[PDB]
There are 2 protein chains.
Amino acid sequence: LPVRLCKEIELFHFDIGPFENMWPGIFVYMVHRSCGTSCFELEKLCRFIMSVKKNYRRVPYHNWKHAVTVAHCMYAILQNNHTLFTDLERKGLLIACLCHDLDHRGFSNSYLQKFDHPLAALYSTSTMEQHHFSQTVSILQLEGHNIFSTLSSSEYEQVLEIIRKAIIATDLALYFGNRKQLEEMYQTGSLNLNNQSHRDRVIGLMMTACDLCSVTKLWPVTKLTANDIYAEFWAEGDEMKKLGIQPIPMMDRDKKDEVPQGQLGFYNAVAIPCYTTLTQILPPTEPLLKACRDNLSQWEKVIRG
Amino acid sequence: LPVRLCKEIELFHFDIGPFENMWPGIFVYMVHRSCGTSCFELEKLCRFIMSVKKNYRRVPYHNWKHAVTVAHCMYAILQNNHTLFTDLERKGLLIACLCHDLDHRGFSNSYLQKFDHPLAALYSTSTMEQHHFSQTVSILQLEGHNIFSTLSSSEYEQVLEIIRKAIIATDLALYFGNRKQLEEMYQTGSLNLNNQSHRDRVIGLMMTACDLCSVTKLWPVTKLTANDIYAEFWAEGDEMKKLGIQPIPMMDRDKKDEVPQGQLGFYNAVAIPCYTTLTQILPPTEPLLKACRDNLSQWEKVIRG
Ligand SMILES: O=C(c1ccc(Oc2ncccc2C2CCOCC2)cc1)c1nc2ccccc2[nH]1
Ligand SMILES: O=C(c1ccc(Oc2ncccc2C2CCOCC2)cc1)c1nc2ccccc2[nH]1
Ligand SMILES: [Zn+2]
Ligand SMILES: [Zn+2]
Ligand SMILES: [Zn+2]
Ligand SMILES: [Zn+2]
């Protein structure tokens, strides 16, 4: 509600700030403008949000701050393509984003598999993501926490299906296949948002874009956020070493100095193609791609000196 | 088919040229590229196109050339917003544009009513437009002309209803209310393409935009097309005078030198608002609004001398 936030929350590169106790208010604000005032009962929406907060952990990157950050990117996409999405899709995608990393420990799917963690035996594919969806369902089942109580059953199942597909798509491993399919479909003209499978893929791509949105922030934010990502990655690399396994340089603390190149390779191979394809499908998402290109060239500048 | 045409047909301000016998080929190129090669049985489409041509009259403006010119603007809107349209809209809209002035006599609805022409008794409202649709149905029902023969009964009924509304929407009297409603729906965030009635309204505006597209061409095309518009209009004013009715200045050749002011009034009151509102709803249509603004200046230049 403060004047500066009302204005700057509409910008794609908004940063939600260091005051944790304001992020919940920021979130309800976004869903009030996106969905409307009558979409959720306020008391139980707030109860739901605080439970979701309580179930994110104190890890350097995959934390409560990141959840609210991803939800804001989704908000900025919803508000600049306000004409495309249904009542349920708007409700569902903000909530999905807010819950998409629920109960993350700071470890990748491959570390869970190599450790032989219980979750890996339960979910052979997209381990952490299936857990994220499972957590969000458990939180919905808590007394007083079903923010979708007012929906019909038919509509309730639709929004839970919107949420699971969305959360599963944040598995970056599914992104490469998804982006590639959408590229061929956009170029040939077969792409069609009235086709549910096509729509599901666009939403999948949107989730990636939001998930990766630290690369679309202004340089100082992107740069500082990078410390948090690597602190988490290196901790995992340490744990690989403890299992007797040489981790990839990405996660290896001893290769700090190759970070500038490593990021460069990631922007070219993952980030630019993601927002390039997204901007093609939804042209109003242009500023995300613009800001991505700016950070790419900032990383190029770190290589030189 | 030829190299220059293939490139420049993607531009909003493309002129289809003076060679009548290429226009049908230009139209099939357009449906093949925006719908697909499998949408229509080629032999049936060519028969349909030719007998549609046969039922346009040798009149100064509302002729075959204007039918294909309007289909082209629609094609250009489809290709820059392609992801939004149903398979049925991809088939029906180019047809609707091709057929939207079928059997135009060169006279307004007002003249037909004042003359007491039989059409005025048959269709009290949107007279010529109801006739245009009636004509396109008669042509669809000629042996070998049902280009929609492989559709289901359900699919046939609803593509004809798409065409009906699109053609009816070309009555410029209905545009004012339609645009005013869409403006409020856009401003308040109420507008939504998952609502069928909203979808109809937007298509109606696209229809208005395509029908008026001579204002969105480059100056020399727009200037010369104005000669043809006024040749029809002045012929109607002659005929009004013969009924003992003083015609409005717009259709009075004795008011020739007020044309620039009349054009300027039209751009400010009708054309700019149309493309402005269309660009809000469909941002990739911006080149139309841009060309309209450029022509707005050209008419202001003419006023000055
Ligand atoms: O590609 C790298 C990379 C590393 C981290 C990374 O995470 C992100 N970076 C920026 C924005 C978003 C991310 C997310 C973090 C969470 O999981 C998905 C990626 C990306 C590439 C990378 N390769 C390296 C080789 C040697 C030394 C360092 C290297 N870094
Ligand atoms: O507003 C006029 C006007 C006239 C023609 C007109 O037709 C179009 N002009 C440009 C683009 C498209 C059109 C279409 C033609 C078919 O019917 C819809 C308009 C528009 C305004 C107009 N008012 C006048 C007063 C005195 C003398 C001349 C005047 N002209
Ligand atoms: Zn995740
Ligand atoms: Zn995430
Ligand atoms: Zn007409
Ligand atoms: Zn017309």
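Basis for what follows: all heavy atoms, side chains included, without hydrogens, waters or symmetry-related copies. Letters go in sequence order (proteins before strands), and every chain restarts at 1.
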Just checking [X]: does its [atom1] atom have more than 12 heavy atoms from other residues, nucleotides or ligands closer to it than 6.0 angstrom?
{"X": "B:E157", "atom1": "CD", "answer": "yes"}
{"X": "B:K290", "atom1": "NZ", "answer": "no"}
{"X": "B:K53", "atom1": "NZ", "answer": "no"}
{"X": "B:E184", "atom1": "CD", "answer": "no"}
{"X": "B:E286", "atom1": "CD", "answer": "no"}

Query raised in the report: Hey, are the side chains of B:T83 and A:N192 touching, using non-hydrogen atoms and a 4.5 Å cut-off?
Result: no
Query raised in the report: Measuring heavy-atom distances to chain B, does A:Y186 have an atom under 4.5 Å in its side chain, in its backbone, in both, or in neither?
Result: neither
Report task. Below 4.5 Å from any heavy atom of chain B, which atoms of A:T188 appear? Answer side chain, backbone, both or neither. Result -> neither
Query raised in the report: Contact part of B:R33 toward chain A, heavy-atom cut-off under 4.5 Å: side chain, backbone, both or neither?
Result: neither
Report task. Can you tell which part of B:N195 gets under 4.5 Å to a heavy atom of chain A, answering side chain, backbone, both or neither? Result -> neither
Report task. Could you pull out the closest heavy-atom pair between A:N194 and B:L84, with the gap in Å? Result -> OD1-O, 3.1 Å
Query raised in the report: How far apart are the closest heavy atoms of A:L191 and B:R90, and which atoms are they?
Result: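 Distance-wise, the nearest heavy atoms are O-NH2, 3.0 Å.
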